[PDB]
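**Q** Provided herewith: final.cif, mmCIF, N, CA, C and O atoms.
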data_entry
loop_
_atom_site.label_atom_id
_atom_site.label_comp_id
_atom_site.auth_asym_id
_atom_site.auth_seq_id
_atom_site.Cartn_x
_atom_site.Cartn_y
_atom_site.Cartn_z
N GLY D 1 85.48 36.20 66.30
CA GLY D 1 85.81 35.91 67.73
C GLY D 1 85.56 34.47 68.10
O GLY D 1 86.45 33.62 68.00
N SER D 2 84.33 34.18 68.53
CA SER D 2 83.96 32.82 68.92
C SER D 2 82.96 32.23 67.94
O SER D 2 81.76 32.50 68.01
N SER D 3 83.46 31.42 67.01
CA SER D 3 82.62 30.78 66.01
C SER D 3 82.29 29.35 66.40
O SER D 3 82.14 28.48 65.54
N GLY D 4 82.19 29.10 67.70
CA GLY D 4 81.89 27.77 68.18
C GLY D 4 82.98 26.76 67.85
O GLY D 4 82.86 26.02 66.87
N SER D 5 84.03 26.74 68.65
CA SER D 5 85.14 25.83 68.43
C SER D 5 84.70 24.38 68.62
O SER D 5 84.99 23.52 67.79
N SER D 6 83.99 24.12 69.72
CA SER D 6 83.51 22.78 70.02
C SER D 6 82.01 22.79 70.29
O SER D 6 81.42 23.84 70.55
N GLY D 7 81.39 21.61 70.23
CA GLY D 7 79.96 21.51 70.47
C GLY D 7 79.63 20.53 71.58
O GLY D 7 80.52 20.09 72.32
N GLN D 8 78.36 20.19 71.70
CA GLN D 8 77.91 19.25 72.73
C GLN D 8 77.01 18.18 72.14
O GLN D 8 76.72 18.19 70.94
N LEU D 9 76.57 17.25 72.98
CA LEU D 9 75.70 16.17 72.54
C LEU D 9 74.45 16.07 73.41
O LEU D 9 73.85 15.01 73.54
N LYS D 10 74.07 17.19 74.02
CA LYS D 10 72.89 17.24 74.88
C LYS D 10 71.81 18.13 74.28
O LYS D 10 70.63 17.79 74.30
N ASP D 11 72.23 19.27 73.74
CA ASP D 11 71.29 20.22 73.14
C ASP D 11 70.27 20.70 74.16
O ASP D 11 69.06 20.64 73.92
N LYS D 12 70.76 21.19 75.29
CA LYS D 12 69.89 21.69 76.35
C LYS D 12 69.99 23.21 76.46
O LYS D 12 69.02 23.87 76.85
N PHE D 13 71.15 23.75 76.13
CA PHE D 13 71.37 25.19 76.20
C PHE D 13 71.12 25.84 74.84
O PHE D 13 71.90 26.68 74.38
N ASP D 14 70.02 25.46 74.20
CA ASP D 14 69.66 26.00 72.90
C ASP D 14 68.15 26.08 72.73
O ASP D 14 67.60 27.10 72.33
N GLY D 15 67.47 24.97 73.05
CA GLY D 15 66.02 24.93 72.93
C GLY D 15 65.33 25.52 74.14
O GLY D 15 64.28 26.15 74.02
N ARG D 16 65.91 25.30 75.32
CA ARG D 16 65.34 25.81 76.56
C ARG D 16 66.40 26.51 77.41
O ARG D 16 67.59 26.21 77.29
N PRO D 17 65.98 27.45 78.27
CA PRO D 17 66.91 28.19 79.14
C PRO D 17 67.56 27.29 80.18
O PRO D 17 67.38 26.07 80.17
N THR D 18 68.33 27.89 81.09
CA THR D 18 69.01 27.15 82.13
C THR D 18 68.01 26.40 83.02
O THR D 18 67.32 27.01 83.83
N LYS D 19 67.95 25.09 82.84
CA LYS D 19 67.04 24.26 83.63
C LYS D 19 67.44 24.25 85.10
O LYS D 19 68.52 23.78 85.45
N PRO D 20 66.57 24.76 85.99
CA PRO D 20 66.85 24.80 87.43
C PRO D 20 66.65 23.44 88.10
O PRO D 20 65.73 22.70 87.75
N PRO D 21 67.51 23.10 89.08
CA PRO D 21 67.41 21.82 89.80
C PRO D 21 66.05 21.64 90.47
O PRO D 21 65.26 22.58 90.56
N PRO D 22 65.75 20.42 90.95
CA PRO D 22 64.48 20.12 91.62
C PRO D 22 64.35 20.82 92.96
O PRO D 22 63.31 21.40 93.28
N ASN D 23 65.42 20.77 93.76
CA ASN D 23 65.42 21.40 95.07
C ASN D 23 66.85 21.69 95.53
O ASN D 23 67.80 21.52 94.78
N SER D 24 66.98 22.13 96.78
CA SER D 24 68.29 22.45 97.35
C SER D 24 69.15 21.20 97.48
O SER D 24 70.36 21.25 97.29
N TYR D 25 68.51 20.08 97.81
CA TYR D 25 69.22 18.82 97.97
C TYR D 25 70.00 18.47 96.71
O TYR D 25 71.22 18.28 96.75
N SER D 26 69.29 18.38 95.59
CA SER D 26 69.92 18.06 94.31
C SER D 26 70.90 19.15 93.90
O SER D 26 71.95 18.87 93.31
N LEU D 27 70.55 20.39 94.20
CA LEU D 27 71.40 21.53 93.87
C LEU D 27 72.75 21.42 94.58
O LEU D 27 73.80 21.54 93.95
N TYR D 28 72.71 21.20 95.88
CA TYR D 28 73.92 21.08 96.68
C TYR D 28 74.79 19.93 96.17
O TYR D 28 76.02 20.00 96.22
N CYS D 29 74.14 18.89 95.66
CA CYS D 29 74.85 17.73 95.13
C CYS D 29 75.83 18.15 94.04
O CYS D 29 76.99 17.72 94.04
N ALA D 30 75.36 18.99 93.12
CA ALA D 30 76.20 19.46 92.03
C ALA D 30 77.24 20.46 92.53
O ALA D 30 78.34 20.55 91.98
N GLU D 31 76.89 21.19 93.58
CA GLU D 31 77.80 22.18 94.16
C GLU D 31 78.96 21.50 94.86
O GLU D 31 80.12 21.91 94.72
N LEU D 32 78.66 20.45 95.62
CA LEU D 32 79.69 19.71 96.34
C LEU D 32 80.60 18.95 95.38
O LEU D 32 81.82 19.03 95.47
N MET D 33 79.99 18.22 94.45
CA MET D 33 80.75 17.45 93.46
C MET D 33 81.71 18.36 92.70
O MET D 33 82.82 17.95 92.36
N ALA D 34 81.29 19.59 92.46
CA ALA D 34 82.12 20.56 91.74
C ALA D 34 83.34 20.94 92.57
O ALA D 34 84.40 21.24 92.03
N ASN D 35 83.18 20.92 93.89
CA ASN D 35 84.28 21.25 94.80
C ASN D 35 85.08 20.01 95.15
O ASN D 35 86.29 20.09 95.42
N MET D 36 84.42 18.86 95.16
CA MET D 36 85.08 17.60 95.47
C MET D 36 85.85 17.07 94.27
O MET D 36 85.59 15.97 93.78
N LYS D 37 86.81 17.86 93.80
CA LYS D 37 87.62 17.48 92.65
C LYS D 37 88.44 16.23 92.96
O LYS D 37 88.71 15.41 92.07
N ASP D 38 88.84 16.08 94.22
CA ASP D 38 89.63 14.93 94.64
C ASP D 38 88.73 13.84 95.21
O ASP D 38 89.05 13.23 96.23
N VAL D 39 87.62 13.59 94.54
CA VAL D 39 86.67 12.57 94.98
C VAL D 39 85.91 11.98 93.79
O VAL D 39 85.40 12.72 92.94
N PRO D 40 85.81 10.64 93.71
CA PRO D 40 85.10 9.97 92.61
C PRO D 40 83.59 10.20 92.68
O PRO D 40 83.02 10.34 93.76
N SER D 41 82.95 10.25 91.51
CA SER D 41 81.51 10.47 91.43
C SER D 41 80.76 9.58 92.42
O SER D 41 79.68 9.94 92.90
N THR D 42 81.33 8.42 92.72
CA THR D 42 80.72 7.48 93.65
C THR D 42 80.83 8.01 95.08
O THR D 42 79.90 7.87 95.87
N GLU D 43 81.96 8.62 95.39
CA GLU D 43 82.19 9.18 96.72
C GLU D 43 81.51 10.54 96.85
O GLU D 43 81.00 10.89 97.91
N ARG D 44 81.50 11.29 95.75
CA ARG D 44 80.87 12.61 95.74
C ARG D 44 79.38 12.49 96.04
O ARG D 44 78.88 13.09 96.98
N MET D 45 78.69 11.69 95.23
CA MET D 45 77.26 11.48 95.41
C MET D 45 76.95 11.03 96.83
O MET D 45 75.97 11.48 97.43
N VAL D 46 77.79 10.16 97.37
CA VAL D 46 77.60 9.66 98.73
C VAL D 46 77.92 10.75 99.75
O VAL D 46 77.30 10.83 100.81
N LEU D 47 78.89 11.60 99.41
CA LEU D 47 79.29 12.69 100.29
C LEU D 47 78.18 13.72 100.41
O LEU D 47 77.88 14.21 101.50
N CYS D 48 77.57 14.06 99.28
CA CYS D 48 76.49 15.04 99.25
C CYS D 48 75.39 14.67 100.25
O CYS D 48 74.72 15.54 100.80
N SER D 49 75.22 13.37 100.47
CA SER D 49 74.21 12.88 101.40
C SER D 49 74.62 13.16 102.84
O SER D 49 73.80 13.55 103.66
N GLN D 50 75.90 12.95 103.13
CA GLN D 50 76.43 13.19 104.47
C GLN D 50 76.57 14.68 104.74
O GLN D 50 76.12 15.18 105.77
N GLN D 51 77.21 15.38 103.81
CA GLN D 51 77.42 16.82 103.96
C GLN D 51 76.09 17.55 104.10
O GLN D 51 76.01 18.59 104.76
N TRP D 52 75.05 17.01 103.48
CA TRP D 52 73.72 17.61 103.53
C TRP D 52 73.03 17.27 104.85
O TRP D 52 72.19 18.02 105.33
N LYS D 53 73.38 16.12 105.42
CA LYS D 53 72.79 15.68 106.67
C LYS D 53 73.41 16.40 107.86
O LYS D 53 72.76 16.59 108.89
N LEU D 54 74.67 16.80 107.72
CA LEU D 54 75.37 17.50 108.79
C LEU D 54 75.09 19.00 108.73
O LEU D 54 75.12 19.68 109.76
N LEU D 55 74.83 19.51 107.54
CA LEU D 55 74.55 20.93 107.35
C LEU D 55 73.36 21.37 108.21
O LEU D 55 72.38 20.64 108.34
N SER D 56 73.47 22.55 108.80
CA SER D 56 72.41 23.09 109.65
C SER D 56 71.29 23.68 108.81
O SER D 56 71.42 23.82 107.59
N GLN D 57 70.19 24.03 109.46
CA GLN D 57 69.04 24.61 108.78
C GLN D 57 69.43 25.90 108.07
O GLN D 57 69.04 26.14 106.92
N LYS D 58 70.21 26.74 108.75
CA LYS D 58 70.65 28.01 108.18
C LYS D 58 71.50 27.78 106.94
O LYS D 58 71.49 28.59 106.01
N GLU D 59 72.23 26.66 106.92
CA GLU D 59 73.08 26.33 105.79
C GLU D 59 72.25 25.79 104.63
O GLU D 59 72.46 26.18 103.48
N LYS D 60 71.31 24.90 104.93
CA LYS D 60 70.45 24.32 103.91
C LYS D 60 69.55 25.38 103.29
O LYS D 60 69.20 25.30 102.11
N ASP D 61 69.19 26.38 104.09
CA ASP D 61 68.33 27.46 103.61
C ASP D 61 69.04 28.28 102.54
O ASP D 61 68.41 28.77 101.60
N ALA D 62 70.35 28.44 102.69
CA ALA D 62 71.14 29.20 101.73
C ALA D 62 71.06 28.58 100.34
O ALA D 62 70.92 29.29 99.34
N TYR D 63 71.14 27.26 100.28
CA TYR D 63 71.08 26.55 99.01
C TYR D 63 69.68 26.64 98.41
O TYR D 63 69.51 26.64 97.19
N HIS D 64 68.67 26.72 99.27
CA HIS D 64 67.29 26.82 98.83
C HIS D 64 67.08 28.06 97.97
O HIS D 64 66.33 28.03 96.99
N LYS D 65 67.74 29.15 98.34
CA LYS D 65 67.63 30.41 97.61
C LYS D 65 68.18 30.25 96.19
O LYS D 65 67.59 30.75 95.23
N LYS D 66 69.30 29.55 96.07
CA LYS D 66 69.93 29.33 94.77
C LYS D 66 69.00 28.53 93.86
O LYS D 66 68.83 28.86 92.69
N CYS D 67 68.40 27.48 94.41
CA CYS D 67 67.49 26.63 93.65
C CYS D 67 66.29 27.45 93.16
O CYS D 67 65.96 27.44 91.98
N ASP D 68 65.66 28.16 94.09
CA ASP D 68 64.50 28.99 93.75
C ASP D 68 64.91 30.10 92.79
O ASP D 68 64.15 30.46 91.89
N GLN D 69 66.11 30.64 92.99
CA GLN D 69 66.62 31.70 92.14
C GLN D 69 66.73 31.23 90.70
O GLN D 69 66.38 31.95 89.77
N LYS D 70 67.22 30.00 90.52
CA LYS D 70 67.37 29.42 89.19
C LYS D 70 66.02 29.32 88.50
O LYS D 70 65.93 29.45 87.28
N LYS D 71 64.97 29.08 89.28
CA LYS D 71 63.62 28.97 88.75
C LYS D 71 63.14 30.32 88.23
O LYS D 71 62.48 30.39 87.19
N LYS D 72 63.47 31.38 88.95
CA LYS D 72 63.08 32.72 88.56
C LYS D 72 63.66 33.08 87.20
O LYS D 72 62.97 33.59 86.33
N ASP D 73 64.95 32.80 87.03
CA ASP D 73 65.63 33.08 85.78
C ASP D 73 65.12 32.16 84.67
O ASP D 73 64.95 32.58 83.53
N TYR D 74 64.85 30.91 85.03
CA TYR D 74 64.35 29.93 84.07
C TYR D 74 63.02 30.40 83.49
O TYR D 74 62.78 30.26 82.29
N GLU D 75 62.16 30.95 84.34
CA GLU D 75 60.86 31.44 83.91
C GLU D 75 61.02 32.60 82.93
O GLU D 75 60.41 32.61 81.86
N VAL D 76 61.85 33.57 83.30
CA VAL D 76 62.09 34.73 82.45
C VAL D 76 62.76 34.32 81.15
O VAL D 76 62.29 34.67 80.06
N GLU D 77 63.86 33.58 81.26
CA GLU D 77 64.59 33.13 80.09
C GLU D 77 63.70 32.27 79.19
O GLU D 77 63.86 32.26 77.97
N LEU D 78 62.76 31.56 79.81
CA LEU D 78 61.84 30.71 79.07
C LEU D 78 60.72 31.53 78.45
O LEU D 78 60.23 31.22 77.37
N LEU D 79 60.31 32.58 79.16
CA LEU D 79 59.25 33.46 78.68
C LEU D 79 59.72 34.29 77.49
O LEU D 79 59.08 34.30 76.44
N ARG D 80 60.84 34.97 77.66
CA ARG D 80 61.40 35.80 76.60
C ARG D 80 61.71 34.97 75.37
O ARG D 80 61.61 35.45 74.24
N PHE D 81 62.08 33.71 75.59
CA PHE D 81 62.40 32.80 74.49
C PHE D 81 61.13 32.31 73.81
O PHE D 81 61.03 32.32 72.58
N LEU D 82 60.15 31.89 74.61
CA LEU D 82 58.88 31.39 74.08
C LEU D 82 58.23 32.44 73.18
O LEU D 82 57.99 32.20 72.00
N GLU D 83 57.93 33.60 73.75
CA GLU D 83 57.30 34.69 73.00
C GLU D 83 58.07 34.97 71.72
O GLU D 83 57.48 35.35 70.70
N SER D 84 59.38 34.77 71.77
CA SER D 84 60.23 35.01 70.61
C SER D 84 59.87 34.05 69.48
O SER D 84 59.99 34.39 68.30
N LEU D 85 59.45 32.85 69.85
CA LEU D 85 59.07 31.83 68.87
C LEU D 85 57.59 31.95 68.51
O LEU D 85 56.80 32.49 69.29
N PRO D 86 57.19 31.44 67.33
CA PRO D 86 55.80 31.49 66.88
C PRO D 86 54.88 30.64 67.74
O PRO D 86 55.33 29.96 68.67
N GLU D 87 53.59 30.67 67.43
CA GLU D 87 52.60 29.89 68.17
C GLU D 87 52.92 28.40 68.11
O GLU D 87 52.93 27.72 69.13
N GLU D 88 53.19 27.91 66.90
CA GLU D 88 53.51 26.50 66.71
C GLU D 88 54.68 26.09 67.60
O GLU D 88 54.61 25.07 68.29
N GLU D 89 55.74 26.88 67.57
CA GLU D 89 56.92 26.60 68.38
C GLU D 89 56.59 26.71 69.86
O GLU D 89 56.91 25.82 70.65
N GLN D 90 55.95 27.81 70.23
CA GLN D 90 55.56 28.04 71.62
C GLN D 90 54.68 26.90 72.14
O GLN D 90 54.72 26.56 73.32
N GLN D 91 53.88 26.33 71.24
CA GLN D 91 52.99 25.24 71.60
C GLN D 91 53.78 24.01 72.04
O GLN D 91 53.50 23.43 73.09
N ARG D 92 54.77 23.63 71.24
CA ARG D 92 55.60 22.47 71.55
C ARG D 92 56.33 22.67 72.87
O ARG D 92 56.30 21.81 73.75
N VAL D 93 57.00 23.82 73.01
CA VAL D 93 57.74 24.13 74.22
C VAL D 93 56.81 24.25 75.42
O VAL D 93 57.11 23.76 76.51
N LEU D 94 55.67 24.91 75.22
CA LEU D 94 54.69 25.10 76.28
C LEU D 94 54.00 23.79 76.62
O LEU D 94 53.63 23.55 77.77
N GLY D 95 53.82 22.94 75.61
CA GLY D 95 53.17 21.66 75.83
C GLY D 95 54.09 20.62 76.42
O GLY D 95 53.68 19.48 76.67
N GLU D 96 55.35 20.99 76.65
CA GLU D 96 56.33 20.08 77.22
C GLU D 96 56.85 20.59 78.56
O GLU D 96 57.05 19.83 79.50
N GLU D 97 57.08 21.90 78.64
CA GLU D 97 57.58 22.52 79.86
C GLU D 97 56.43 23.08 80.70
O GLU D 97 56.32 22.78 81.88
N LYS D 98 55.59 23.90 80.07
CA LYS D 98 54.46 24.50 80.76
C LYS D 98 53.54 23.43 81.35
O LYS D 98 52.96 23.61 82.42
N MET D 99 53.43 22.30 80.65
CA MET D 99 52.59 21.20 81.11
C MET D 99 53.15 20.58 82.39
O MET D 99 52.40 20.08 83.22
N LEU D 100 54.47 20.62 82.53
CA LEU D 100 55.12 20.07 83.71
C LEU D 100 55.53 21.17 84.68
O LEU D 100 56.68 21.61 84.69
N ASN D 101 54.57 21.62 85.49
CA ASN D 101 54.83 22.67 86.46
C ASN D 101 55.14 22.08 87.84
O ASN D 101 54.67 22.58 88.86
N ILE D 102 55.93 21.01 87.85
CA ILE D 102 56.30 20.35 89.10
C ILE D 102 55.08 19.77 89.79
O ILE D 102 54.62 20.30 90.81
N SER D 103 54.54 18.69 89.24
CA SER D 103 53.37 18.04 89.81
C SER D 103 53.25 16.60 89.31
O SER D 103 53.89 16.22 88.33
N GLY D 104 52.42 15.81 89.98
CA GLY D 104 52.22 14.43 89.59
C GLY D 104 50.77 14.11 89.29
O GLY D 104 50.05 14.95 88.74
N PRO D 105 50.30 12.90 89.64
CA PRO D 105 48.91 12.50 89.40
C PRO D 105 47.90 13.53 89.90
O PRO D 105 46.93 13.84 89.22
N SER D 106 48.15 14.05 91.10
CA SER D 106 47.26 15.04 91.69
C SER D 106 47.89 15.65 92.94
O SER D 106 48.87 15.12 93.47
N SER D 107 47.31 16.75 93.41
CA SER D 107 47.81 17.42 94.61
C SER D 107 47.66 16.53 95.84
O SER D 107 48.48 16.59 96.76
N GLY D 108 46.63 15.70 95.84
CA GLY D 108 46.39 14.81 96.96
C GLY D 108 45.90 15.54 98.19
O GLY D 108 46.17 16.75 98.31
#
In structure tokens, write the structure found in this file.

**A**
Amino acid sequence: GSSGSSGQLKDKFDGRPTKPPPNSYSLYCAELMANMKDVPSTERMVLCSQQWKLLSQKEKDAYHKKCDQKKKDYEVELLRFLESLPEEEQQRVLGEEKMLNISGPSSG
């Protein structure tokens, strides 16, 4: 059936699950650009800023669910995958992803 006709040069959908966006803002950016087929990446990126500024709270909240939702799946897809790999493997993945739980120098 599908023996991999073509490949990629990122290698993101193999080592780790679907990486969820940072927040609704960045998420909407990809959503708008995907719809803005008749708009250059330069206009799209700029549009996402305006379209996001005009969007109401109820509208922005909708995108928030998608972002958070992606995190839920990312955790599961990452968990089922991690456990699937040995300690050594889980260590590398855990020492790169688990270490970065969305934080900086300190909570402040």

**Q** Just say which residues the PyMOL selection byres (((chain D and resi 11-27 and name CA) around 9) and name CA) picks in this file, as a ChimeraX atom specification.

**A** /D:8-10,28-32,48-49,52,60-78,81-82,93,102

**Q** Give the alpha helix (DSSP H) residues of chain D, as assigned by DSSP on the backbone, as a ChimeraX atom specification.

**A** /D:24-35,41-54,57-84,87-93

**Q** One decimal, in Å: what's the spacing between atom N of residue D:86 and atom CA of residue D:7?

**A**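 For atom N of residue D:86 relative to atom CA of residue D:7, the distance reads 25.0 Å.
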
**Q** What is the atom O of residue D:55-atom CA of residue D:33 distance in Å, reported with one decimal?

**A**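 So the answer is 17.4 Å.
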
**Q** Would you work out the distance separating atom CA of residue D:34 from atom CA of residue D:56, expressed in Å to one decimal?

**A**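 For atom CA of residue D:34 relative to atom CA of residue D:56, the distance reads 20.5 Å.
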